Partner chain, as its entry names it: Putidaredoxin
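Shown here is one chain on its own, the form solved without its partner chain, set out as structure tokens.
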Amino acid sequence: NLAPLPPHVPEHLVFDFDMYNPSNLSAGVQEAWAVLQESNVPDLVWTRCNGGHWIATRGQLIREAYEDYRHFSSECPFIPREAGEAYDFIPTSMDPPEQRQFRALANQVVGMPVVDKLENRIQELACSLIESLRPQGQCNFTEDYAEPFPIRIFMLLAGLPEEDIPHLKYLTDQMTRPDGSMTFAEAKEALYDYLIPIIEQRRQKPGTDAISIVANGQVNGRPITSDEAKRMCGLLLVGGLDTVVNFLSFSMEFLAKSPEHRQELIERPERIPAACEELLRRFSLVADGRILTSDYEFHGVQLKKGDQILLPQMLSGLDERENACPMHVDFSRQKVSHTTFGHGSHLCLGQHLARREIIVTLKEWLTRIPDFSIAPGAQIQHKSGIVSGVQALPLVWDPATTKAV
């Protein structure tokens, strides 16, 4: 439960927030985390939950810490410590200048050029999935669209069979929103047992898939090793299977409850990209951290070497000092400020793929199914963790109001 306060922590900086089970979760996960920004809470606090760790609450401190890799290292990015220590994914667990070489290779596989190439399949899969659901008049969005749409596209990119989805998805979820059924290390090992054989095969007989490209890539002049390949692909898996999936659900949940926002996107399509940024701001869902490389005084607070600090990317855009009326969704804000895809040297490489998948969903869904809402008597429950999610999203609609294409 609560760990004993360390000697160097002033007790007035204590605020016991549990990132895996915040108190007001019933009101929404973003709302639950936003309590960290109430006037009674200092900008930098220490929680005794999950082993004890700091949490920066303002977009300003979050950006700073993310830029200063000298004091805030990526080596142990996950909390609790045990997870941050077992964490060895590349390029994430590396600090510059080492990260740089690996980031470039990962970029080759999920960067802009790959997205432009996959565009037609993304579009195709979206239209197909939506059209197949359209006449039914109901669906559980999380499992009927949010999961298959992003995941199948990734399985297509990586060259992995759809049959492995259930297994891989389970392991991934244990890493971001631990059930308690298994430790991060055990989750990490199982994913690795899966990847190792595949990597071996693709080193011997290269294909055009992302895995073959990584497994045979060159880093710093020499060839990548199997271990380095295994660790980079491990990261790609977690990113492809547990990010866009959850985000689509928060957005769709909001849309089902706000006819005014749906209509806006239907009558003025040129707004969709702007809407996408705003939804990414309001429904930001990631929260990881860094480890202190040495004693350091950050904004008047003395941090000691070894201290882990949670720097919630989710909070930057919900900060009122950053965005006026943060909880209000406004597709016409003059400036949408956020760090949803991160900040600093570890800025999300898969952000282009994410945005394309989001915009395609919005446009294609609103075209065929303009009017829809949350099923009567359904309680939507969110879940918190390194990456937040929606448990299930029961949606209902009148088929007679849909348009086939």
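Numbering follows the first chain given and starts at 1.
Another form, the form solved in complex with its partner chain, is not on view; read the next lines as being about it.
When you look in the deposited complex, the only residue of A185, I266, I165, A104 with a non-hydrogen atom within 4.5 Å of its partner chain is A104.
A heavy atom within 4.5 Å of its partner chain in the deposited complex is found for exactly one of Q30, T340, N50, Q351: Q351. In the deposited complex, its partner chain sits beyond 4.5 Å of every heavy atom of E270. Within 4.5 Å of any heavy atom of its partner chain in the deposited complex lies no heavy atom of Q123. Remark: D116 counts among the residues lining its partner chain in the deposited complex, judged by a heavy atom distance of 4.5 Å or less. For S345, a non-hydrogen atom is located within 4.5 Å of its partner chain in the deposited complex, even though that partner is not displayed. Heavy atoms within 4.5 Å of its partner chain in the deposited complex are found in exactly one of 72 to 80, 168 to 176, 135 to 143, 104 to 112, that being 104 to 112.
Contacts between stretch 298 to 317 and its partner chain, counted in the deposited complex as any heavy atom lying within 4.5 Å, involve no residue at all.
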